[PDB]
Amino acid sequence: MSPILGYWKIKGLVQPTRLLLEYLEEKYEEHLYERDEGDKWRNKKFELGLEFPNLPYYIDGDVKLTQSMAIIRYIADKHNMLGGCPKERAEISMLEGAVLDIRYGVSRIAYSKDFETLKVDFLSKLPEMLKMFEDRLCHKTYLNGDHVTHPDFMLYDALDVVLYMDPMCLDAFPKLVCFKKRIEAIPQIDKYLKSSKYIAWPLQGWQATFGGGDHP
């Protein structure tokens, strides 16, 4: 049967994974927990056969997984996209980590009552983080070269998110601007982003001071 991907009906930690699945054109069903289905999840949490019960989870005829990163890596690995040798795989793991520093950098302050104050500090450090990627993309179409890897969708998600926080944070980074457009230019992605499956909001959990709520 078709693999089952479970998570809240938000972008959050699973969006990059959804994009990788669409890009690979893999078939899959989603168990989406609405903002008021917290209890629905609780009563099912310890009943899915998961060794480390959590959201997101990925269940398919061969495995039962939790931990967003093990999930996206599993999907990529099943398609030989993790790297052909130790060095390459490390490059790709390094790219994941660097993207997470930005994505997690947002979530870390998005649930605070003093978001604006934290935001200033954050938007103050973001430029140096972005420049590392800008330089990475100066002589590359995608993060790992001519071919797409899962970090590309992670970066895309992170850029999508920081753009909501500051629509001008990419003004000094033309390569990153083109990269985001380039990802949206991928047929499978453009199709998915225009379909009824696409969850455009919220970015974080509904209760978040930033990227939360039921509407943009």
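We call the rigid core whatever largest set of C-alpha positions still superposes within 1.5 Å between the two forms. Numbers follow the displayed sequence, beginning with 1.
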Going by root mean square C-alpha distance after a core fit, say whether 54 to 62 or 153 to 161 is farther from the shown form in 9 other deposited structures of this protein. 54 to 62
On average, are the C-alpha B-factors higher in 70 to 78 or in 107 to 115? 107 to 115
Averaging the C-alpha B factors as listed in the entry, name the stretch that ends up higher: 160 to 168 or 36 to 44. 36 to 44
Going by the entry, which of 174, 61, 151, 53 has the most elevated CA B factor? 61
Third of the chain's Cα B-factor distribution that residue 11 belongs to, per the entry: lowest
Quick tally, chain-level thirds of C-alpha B-factors: residue 27 sits in the highest
Residue 101: C-alpha B-factor third of its chain, per the entry, is the lowest
Based on the deposited C-alpha B factors for this chain, I'd like to know if residue 204 is in the lowest, middle or highest third. middle
Relative to the other modelled residues of the same chain, rank the CA B-factor of residue 138 and answer lowest, middle or highest third. highest
